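Asks: experimental structure and its sequence below.
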Amino acid sequence: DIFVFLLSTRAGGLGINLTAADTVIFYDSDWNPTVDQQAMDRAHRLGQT
DNA sequence: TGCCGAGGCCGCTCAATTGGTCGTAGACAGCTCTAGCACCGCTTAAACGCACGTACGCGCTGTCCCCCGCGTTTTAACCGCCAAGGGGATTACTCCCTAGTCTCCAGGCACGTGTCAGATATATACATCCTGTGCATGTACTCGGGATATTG
């Protein structure tokens, strides 16, 4: 049902296991990488096909 | 110079108040009482309030005559302060005991009536006690002089 999830990277970018998402959009970006890497790899992980 | 070190602005997360919504349980408002006994209306023969010079009692008044007030300033320590120290008032936790609930259960006594008496009120006669008045001394007072106590 739910088309889109809205997150802030520091709140939702860790641990969350959002394997249901086909795609990721950053509306803005932080001065520090690694945050975004976590935010992406909490979709991109072993559960996906 | 350098470096950097120290420096100054902005999203999480938690923790009281605040206000909102849920549902349910006696307790409030109201009805009909009904029922009855007080309020009323209606007389009566009743007490006690009240509008009203005058005798006159004292509240208020025109005088002079003095202490305590009124004014000054030195000082004197009273009272305020701040800062430090010690503990004891305080806080937060864990174990514990009973405060509180309900429930059953009885009879103690506070409740109520049933009769009718020793009580106290009211009158008349009255004597007596008590008030208001008038009337001596006896003291408690104000003063002066000296002894004892106490402050500086």
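Replies: Right, received. Where do you want to start? Numbering: from 1, shown residues only, chains lettered A, B, ... in the order given.
Asks: only C-alpha atoms from now on, for both contacts and neighbour counts.
Replies: OK.
Asks: DNA strand B contacts on chain A?
Replies: A:8-11 (CA under 7 Å from any atom of the strand).
Asks: go again with 10 Å.
Replies: A:7-12, A:14 (CA under 10 Å from any atom of the strand).
Asks: make a ChimeraX selection of the buried ones in these.
Replies: Restricted to buried positions by 16 or more other CA atoms under 10 Å, the ChimeraX selection for the residues of chain A next to DNA strand B reads:
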select /A:9
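Asks: could you dump the residues of chain A next to DNA strand B to a markdown table with secondary structure?
Replies: What follows is these, written out as a markdown table (DSSP: H, G, I helix; E, B strand; the rest coil):
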| residue | secondary structure |
| --- | --- |
| A:7 | coil |
| A:8 | coil |
| A:9 | helix |
| A:10 | helix |
| A:11 | helix |
| A:12 | helix |
| A:14 | coil |
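Asks: identify the residue spatially nearest to the residue nearest the centre of chain A, adjacent ones excluded.
Replies: The centroid of chain A falls nearest to residue A:39 when counting by CA atoms, centre = their mean (3.6 Å). Excluding the flanking residues, the one nearest residue A:39 by CA to CA, 6 or more residues apart in numbering is residue A:13, at 4.1 Å.
Asks: how close does residue A:44 sit to residue A:22?
Replies: Distance of residue A:44 to residue A:22, computed by CA to CA, to the nearest Å: 9 Å.
Asks: give me the more crowded residue out of those two.
Replies: residue A:44 (20 against 10; other CA atoms under 10 Å).
Asks: pull the contacting residues for that one.
Replies: Applying CA atoms under 8 Å, 6 or more residues apart in numbering, we find residue A:44 in contact with residue A:19.
Asks: out of everything not next to it in sequence, what's closest to residue A:30?
Replies: residue A:36 (7.9 Å).
Asks: can I assume the one you found is in contact with residue A:9?
Replies: Yes. Between residue A:36 and residue A:9 there is a contact under CA atoms under 8 Å: 7.3 Å.
Asks: element containing the residue nearest to residue A:30, please.
Replies: Following DSSP states H and E, one finds residue A:36 within helix A:35-41.
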